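Before any comments, here is the structure.
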Amino acid sequence: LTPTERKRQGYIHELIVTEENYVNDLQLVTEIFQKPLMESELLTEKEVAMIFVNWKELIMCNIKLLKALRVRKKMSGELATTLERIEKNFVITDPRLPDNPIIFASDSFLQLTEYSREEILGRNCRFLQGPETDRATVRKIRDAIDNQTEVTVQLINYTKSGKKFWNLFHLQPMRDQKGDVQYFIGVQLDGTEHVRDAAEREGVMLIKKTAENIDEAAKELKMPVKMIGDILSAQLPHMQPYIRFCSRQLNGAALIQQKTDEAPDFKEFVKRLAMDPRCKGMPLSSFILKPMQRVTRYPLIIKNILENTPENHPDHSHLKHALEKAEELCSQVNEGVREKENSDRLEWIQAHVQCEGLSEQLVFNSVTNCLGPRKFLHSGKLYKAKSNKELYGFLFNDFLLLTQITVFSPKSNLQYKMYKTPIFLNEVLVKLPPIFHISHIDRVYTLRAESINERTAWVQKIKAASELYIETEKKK
Ligand SMILES: Cc1cc2nc3c(=O)[nH]c(=O)nc-3n(C[C@H](O)[C@H](O)[C@H](O)COP(=O)(O)O)c2cc1C
């Protein structure tokens, strides 16, 4: 096959495999960090929500994505578990991708070579080679690769610390029905001495049977993919919860670091949850960075698929939209991260303003219907005319929230109760007769601000955000 179509399948499966690892990481934090901390009674229900935030919703998004990928790929969840049951040193590489990168490494392999998964994936296997390695043996391996055939040799490899060990290595291509090589299987039998006669004859049989089991394990993965963009184009516009999480990931990380230094009983309980072999010895504070990494990873991946997809291909159109949505999703994420002050205010409103009786729960620190990331504009006391009722209003870029006190200082806590249904600014007009008039089509509202300088701040900000909303709605 042409290198273009070859690279195309390589990047399509780069999307699928990395998503598998990612979704797996999300479920880990919920399993061995979230649920334990909630039932540990070490922290309050409020402190826990500051860290994970909407972590649960992040899983619901990607699981919906991963499932769609698996059905198209005719896969099942078994791949990770099936591969883990093979307790041998092995890696899988992708010859379709430049420099033949590693896409998977067994637990035995990682511990043998003293490297971590983050150091390994995406790189060529030549880091094992050293000074006392027979370069003639290496060339035989390269030839077997270029000729797309299996091979079995012995050579000296090095760990991360530089420890020497003999490597009874076996290479084996992974072919589909059409015989096209999709992956390469590399099994390593570590030893102290060069094996001969019976010692060699036994080791060869094991590492070869090991390779066959991997081919069976990766049987669902090896098949080629026709289309993948239509799935990404339908799932990416539903990656909204990332905007909230990534805007609060900084405060969530600062909470962990602070609570650790002021509570020794908390520090030990966290590390006893990072013990789990699925954590690979990385702390909880390192998992929090992953959602921000994944959303910035998507545009890089999709573009690689798009660049290796011709114009006449039916998947080219969907990949265009997918790239657009991925970049739009990524942009709104970076906007929320930068506007830190706006993020603190929206989350403050979330906790102190009780909004109930709605068809859907109100999340202030989220995306609007049309304008994107919600932005707080103005707040203050508002007195309704002819009633003079003490009300407290919150003005946003998309709607106005009226409440009643039962301002943004974290220590100061006071309760706000929702007064009426959120008045959206896509259907309101504002004129002047500290009294100002807003014109809703259905009902009439006449409010009186604290002062003259206040009502001018209301009228201006409401009108400006309204006109921006109206003209945005007129686009389509
Ligand atoms: C699946 C696979 C597994 C490999 N495993 C090893 C290995 O364990 N040790 C090693 O020295 N080379 C291994 N190689 C070979 C190297 O990745 C590399 O291709 C080889 O050393 C030739 O390097 P060169 O391109 O600089 O000539 C493996 C290759 C493949 C495709």
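The way I read the labels, and the way they are meant: chains A, B, ... in the order of the structure tokens, residue 1 as the first residue of every chain, and ligand 1 as the first ligand shown, with later ones counted on from there.
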Item to check | Surroundings of ligand 1 up to 8 Å, based on only C-alpha atoms and all ligand atoms, as a PyMOL selection string | outcome: chain A and resi 90-95+99-100+102+124-129+138-139+141-142+145+155-157+167+169-173+183-188
Item to check | Backbone-only DSSP, alpha helix (DSSP H) members of range 249-476 of chain A, as a VMD selection string | outcome: chain A and resid 249 to 261 264 to 271 290 to 307 316 to 338 340 to 352 452 to 473
For the strand (DSSP E or B) assignment from backbone DSSP, which residues of range 361-394 of chain A qualify? Please present them as an mmCIF file with N, CA and C atoms, in the first residue's frame.
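Listing of part-v7.cif after writing:
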```cif
data_model
loop_
_atom_site.group_PDB
_atom_site.id
_atom_site.type_symbol
_atom_site.label_atom_id
_atom_site.label_comp_id
_atom_site.auth_asym_id
_atom_site.auth_seq_id
_atom_site.Cartn_x
_atom_site.Cartn_y
_atom_site.Cartn_z
ATOM 1 N N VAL A 367 -20.859 26.053 29.316
ATOM 2 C CA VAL A 367 -21.033 26.652 28.000
ATOM 3 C C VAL A 367 -22.447 27.194 27.811
ATOM 4 N N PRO A 373 -18.445 29.863 26.143
ATOM 5 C CA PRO A 373 -18.142 29.930 27.579
ATOM 6 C C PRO A 373 -18.881 31.069 28.275
ATOM 7 N N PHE A 376 -19.549 35.976 33.604
ATOM 8 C CA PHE A 376 -20.222 36.843 34.562
ATOM 9 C C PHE A 376 -19.962 38.302 34.206
ATOM 10 N N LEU A 377 -21.004 39.123 34.269
ATOM 11 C CA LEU A 377 -20.893 40.516 33.854
ATOM 12 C C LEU A 377 -21.074 41.495 35.007
ATOM 13 N N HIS A 378 -22.175 41.354 35.738
ATOM 14 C CA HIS A 378 -22.506 42.308 36.788
ATOM 15 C C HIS A 378 -23.434 41.703 37.836
ATOM 16 N N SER A 379 -23.368 42.236 39.052
ATOM 17 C CA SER A 379 -24.265 41.829 40.128
ATOM 18 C C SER A 379 -24.536 42.995 41.067
ATOM 19 N N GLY A 380 -25.589 42.872 41.867
ATOM 20 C CA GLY A 380 -25.954 43.917 42.804
ATOM 21 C C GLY A 380 -27.403 43.830 43.235
ATOM 22 N N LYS A 381 -27.769 44.633 44.228
ATOM 23 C CA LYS A 381 -29.135 44.654 44.737
ATOM 24 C C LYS A 381 -30.083 45.313 43.740
ATOM 25 N N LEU A 382 -31.238 44.691 43.530
ATOM 26 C CA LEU A 382 -32.239 45.221 42.612
ATOM 27 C C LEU A 382 -33.624 45.214 43.248
ATOM 28 N N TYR A 383 -34.243 46.388 43.319
ATOM 29 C CA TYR A 383 -35.566 46.526 43.916
ATOM 30 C C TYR A 383 -36.639 46.631 42.838
ATOM 31 N N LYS A 384 -37.563 45.676 42.822
ATOM 32 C CA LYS A 384 -38.682 45.727 41.890
ATOM 33 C C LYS A 384 -39.649 46.843 42.271
ATOM 34 N N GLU A 390 -36.655 43.098 48.233
ATOM 35 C CA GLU A 390 -35.201 42.982 48.254
ATOM 36 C C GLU A 390 -34.733 41.782 47.439
ATOM 37 N N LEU A 391 -34.171 42.052 46.266
ATOM 38 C CA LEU A 391 -33.678 40.995 45.393
ATOM 39 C C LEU A 391 -32.208 41.207 45.051
ATOM 40 N N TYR A 392 -31.522 40.121 44.711
ATOM 41 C CA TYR A 392 -30.122 40.198 44.315
ATOM 42 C C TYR A 392 -29.928 39.557 42.946
ATOM 43 N N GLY A 393 -29.473 40.353 41.984
ATOM 44 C CA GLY A 393 -29.369 39.898 40.612
ATOM 45 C C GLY A 393 -27.969 39.553 40.145
ATOM 46 N N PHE A 394 -27.869 38.483 39.363
ATOM 47 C CA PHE A 394 -26.619 38.112 38.714
ATOM 48 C C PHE A 394 -26.772 38.240 37.202
#
```
Using only C-alpha atoms, find each residue of range 235-257 of chain A with at least one atom at most 10 Å away from an atom of range 65-86 of chain A; report its shortest atom-to-atom pair and that distance in Å (one decimal), sort the rows by chain and rising residue number, and return the result as a Markdown table.
```
| residue | atom | partner | partner_atom | distance |
| --- | --- | --- | --- | --- |
| A:235 | CA | A:65 | CA | 6.0 |
| A:236 | CA | A:65 | CA | 8.4 |
| A:238 | CA | A:65 | CA | 9.5 |
| A:239 | CA | A:65 | CA | 9.6 |
```
Checklist entry - Between A:150, A:42, A:449, A:109, which has the minimum distance to residue 265 in chain A (counting only C-alpha atoms)? => result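 Checking each candidate against residue 265 in chain A, we get A:42 as the closest.
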Item to check | Nearby residues (only C-alpha atoms) at most 7 Å from residue 58 in chain A, same-chain spacing under 3 positions excluded, as an MDAnalysis selection string | outcome: chainID A and resid 54:55 61:62 241:242
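Among the candidates A:32, A:26, A:59, A:337, the one nearest to residue 274 in chain A when counting only C-alpha atoms is A:32.
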For range 352-364 of chain A, find every residue with an atom within 8 Å (counting only C-alpha atoms), except residues of its own chain fewer than 3 positions away, and show them as a compact mmCIF listing (two decimals) with N, CA, C and O atoms, in the first residue's frame.
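Saved file result-v2.txt follows:
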```txt
# COMPACT_ATOMS: atom_id res chain seq x y z
N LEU A 346 -18.12 32.19 38.70
CA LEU A 346 -19.17 31.29 38.25
C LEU A 346 -19.30 30.08 39.17
O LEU A 346 -20.41 29.60 39.43
N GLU A 347 -18.17 29.58 39.65
CA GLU A 347 -18.17 28.46 40.59
C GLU A 347 -18.67 28.91 41.96
O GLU A 347 -19.31 28.14 42.68
N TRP A 348 -18.40 30.16 42.30
CA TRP A 348 -18.87 30.73 43.56
C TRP A 348 -20.39 30.80 43.54
O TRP A 348 -21.05 30.46 44.53
N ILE A 349 -20.94 31.23 42.41
CA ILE A 349 -22.38 31.31 42.22
C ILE A 349 -23.01 29.92 42.28
O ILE A 349 -24.10 29.74 42.81
N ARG A 374 -19.65 30.74 29.31
CA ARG A 374 -20.44 31.73 30.03
C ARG A 374 -19.53 32.71 30.76
O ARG A 374 -18.50 32.32 31.31
N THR A 403 -32.29 36.61 42.20
CA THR A 403 -32.33 35.82 43.42
C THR A 403 -32.80 36.66 44.61
O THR A 403 -33.04 37.86 44.48
N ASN A 413 -19.49 33.28 53.59
CA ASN A 413 -20.52 32.42 53.03
C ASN A 413 -21.93 32.85 53.43
O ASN A 413 -22.27 32.90 54.61
N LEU A 414 -22.75 33.16 52.42
CA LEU A 414 -24.14 33.51 52.65
C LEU A 414 -24.99 32.94 51.52
O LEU A 414 -24.50 32.77 50.40
N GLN A 415 -26.25 32.65 51.81
CA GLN A 415 -27.08 31.86 50.91
C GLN A 415 -27.97 32.70 49.98
O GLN A 415 -28.62 33.65 50.41
N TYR A 416 -27.96 32.33 48.71
CA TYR A 416 -28.85 32.93 47.72
C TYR A 416 -29.88 31.91 47.25
O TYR A 416 -29.54 30.79 46.90
N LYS A 417 -31.15 32.31 47.25
CA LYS A 417 -32.21 31.45 46.73
C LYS A 417 -32.75 31.99 45.41
O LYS A 417 -33.04 33.18 45.30
N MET A 418 -32.86 31.12 44.42
CA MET A 418 -33.36 31.51 43.10
C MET A 418 -34.78 32.05 43.19
O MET A 418 -35.65 31.43 43.80
```
Item to check | Two-atom distance - CA of residue 448 in chain A, CA of residue 432 in chain A (Å) | outcome: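 Pair CA of residue 448 in chain A / CA of residue 432 in chain A returns 11.5 Å.
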Checklist entry - At what distance in Å, to one decimal, does CA of residue 206 in chain A lie from CA of residue 163 in chain A? => result 23.9 Å
Interface rows for range 5-104 of chain A against range 299-312 of chain A: nearest pair, Å to one decimal, 12 Å, only C-alpha atoms, as CSV:
```
residue,atom,partner,partner_atom,distance
A:5,CA,A:308,CA,6.4
A:6,CA,A:308,CA,8.4
A:7,CA,A:308,CA,6.5
A:8,CA,A:308,CA,5.1
A:9,CA,A:305,CA,8.0
A:10,CA,A:305,CA,8.4
A:11,CA,A:305,CA,5.6
A:12,CA,A:305,CA,6.3
A:13,CA,A:305,CA,9.8
A:14,CA,A:301,CA,7.5
A:15,CA,A:301,CA,6.5
A:16,CA,A:301,CA,10.3
A:17,CA,A:301,CA,11.8
A:18,CA,A:301,CA,10.2
A:19,CA,A:301,CA,11.1
A:96,CA,A:308,CA,11.5
A:97,CA,A:304,CA,10.5
A:98,CA,A:304,CA,11.9
```
Checklist entry - Which distance in Å separates CA of residue 456 in chain A and CA of residue 470 in chain A, to one decimal? => result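 Interatomic distance, CA of residue 456 in chain A to CA of residue 470 in chain A: 20.9 Å.
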Next on the checklist: Under the rule that only C-alpha atoms are counted, which of A:375, A:297, A:35, A:196 is the nearest residue to residue 344 in chain A?
Outcome noted: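 Smallest separation from residue 344 in chain A among the options: A:375.
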Checklist entry - Closest to residue 37 in chain A among A:389, A:455, A:272, A:208, using only C-alpha atoms? => result A:272
Next on the checklist: Using only C-alpha atoms for the distances, tell me which of A:288, A:428, A:255, A:63 is nearest to residue 46 in chain A.
Outcome noted: A:255
Next on the checklist: When you count only C-alpha atoms, which of these residues is closest to residue 293 in chain A: A:281, A:450, A:45, A:330?
Outcome noted: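 For residue 293 in chain A, the nearest of the given residues is A:330.
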